[PDB]
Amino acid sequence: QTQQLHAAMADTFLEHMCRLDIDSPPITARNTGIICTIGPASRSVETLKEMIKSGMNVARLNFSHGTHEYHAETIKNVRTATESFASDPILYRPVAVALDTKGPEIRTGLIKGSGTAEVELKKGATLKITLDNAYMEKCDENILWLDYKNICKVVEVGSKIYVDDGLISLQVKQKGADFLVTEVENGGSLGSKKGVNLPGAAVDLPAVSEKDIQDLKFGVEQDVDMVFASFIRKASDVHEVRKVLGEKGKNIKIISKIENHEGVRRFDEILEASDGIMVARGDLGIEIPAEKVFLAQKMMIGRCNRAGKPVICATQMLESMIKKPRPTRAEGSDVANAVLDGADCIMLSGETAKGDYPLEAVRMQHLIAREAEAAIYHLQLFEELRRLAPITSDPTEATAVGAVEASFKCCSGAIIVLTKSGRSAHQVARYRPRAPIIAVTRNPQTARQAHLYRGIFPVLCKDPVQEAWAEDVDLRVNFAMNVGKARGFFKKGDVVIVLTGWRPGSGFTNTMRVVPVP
């Protein structure tokens, strides 16, 4: 009658679908992490507190724009909002900070010297592209400067050039030395500093530009939790970011953004090298035909679920909400289906960065994800995850799968996991329990980074280390108990699964207990 449990018990997926029930309400816990891009509509301490209350788990900073001073202040503000709740550790919600790199972008110049000016473009008309910096702030209906120095070499005649999220389409007629002449194949308003794509072209910008170097250094100085690396093409790109981050940034997670055809093709090597993946559908759906994006998304989510590495679904998930308080039916569907596909996290960009309804957008992602989570066909999912798993003598892995089996058997209210590094909780998440995973840690970075994983609710235990280690273990379990009760995941006398190890330190998780809530 609740949590789509009648659908959960179907012997076929068709029957599962037939039993999906709009009158079967979900549980409290939402498992899929929500990443919100911060910008002018959401960077105030005031709004950020409401973002957090509304379900934001990760704050994304887009380094395609803005100065270090600006990003430093956003980061300061996220931390002020986040620590405003720290006085009761039981109700404190950790919040991660993500740096999203500019990476190898092509950008246009300023329309008539203004960052906000635009010119309407009639379809069929003519337009000159120039690399002459003379016109870098004098773009208009007739001449359009962009910043890719090498553009003329990697494009031939008849090549297609796309501007502003692929919405403006241009065809190369004649090649010059510092220029291109083009006809507006598809028209609309042209604005300032818009993204440009050359889908037919072997673009040769570096993996990690000088600007990216400076930004990644700022990321280390600012103690960011993860980097979302733009336009990753191959494993060596990932290795370059990892080496750039170097020793000071060794614990920073690298999520590779797959946004072009080469990244999809070389996906397996990229995943191996990365800490996680973002399906960056914006650019991806300009670089490859828009009608193939769902194939790429489902392939990458599947391969990440198979590897146990976090995957993020991104871009235009609730786009209409930039201007409207409720989303379109396609948007509702997109969010639900990302969760049903297996995505660990879902993302907001303009919806939270600049839109008129940032909070409504976060709340809608929260609502849809929780409904979709209840609609998952765990019976087949869990069977297939168990089947496809390399079978190993690893005792931590055996403990994790037993816990998840145990949690299904008793419909547990949670799987409580003590973890220093997060790994033990990550191992549970990989097997996709219905039960929320309460990951208890003293490590603040573990607690923030754990939001990358479906089902993990990180809680940051601030209690002092007790002299007797068994009493210290029991202290943290009890903390987890108090957190679940306060958030309404479970109540006195419900059963929960508890995972602990046999000695202190990382790598010893080997003990699964089935315990009633006190």
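Note that residue numbering follows the sequence shown and begins at 1.
Per the compared records, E141 is unresolved in at least a third of the other entries whose models span it. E120 is a gap in at least a third of the other entries compared, counting only those with both neighbours built. Higher mean CA temperature factor, per the PDB entry, when comparing 389-397 with 416-424: 389-397. Look at the C-alpha B-factors of 327-335 and of 143-151. On average they run higher in 143-151. Comparing the listed residues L348, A403, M278, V119, the entry records the largest Cα B-factor for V119. Based on the entry's C-alpha B-factors, the most elevated value among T182, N251, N260, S320 belongs to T182.
For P26, the recorded CA B-factor ranks within the highest third of the chain. Only modelled residues enter the ranking. In the PDB entry, a CA B factor belonging to the highest third of its chain's modelled residues is recorded for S189. The entry lists a Cα temperature factor for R93 that places it in the middle third of the chain's modelled residues. Looking at the C-alpha B-factors along this chain, the one for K298 belongs to the lowest third.
Sort the chain's modelled residues by C-alpha temperature factor and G103 lands in the lowest third, per the entry.
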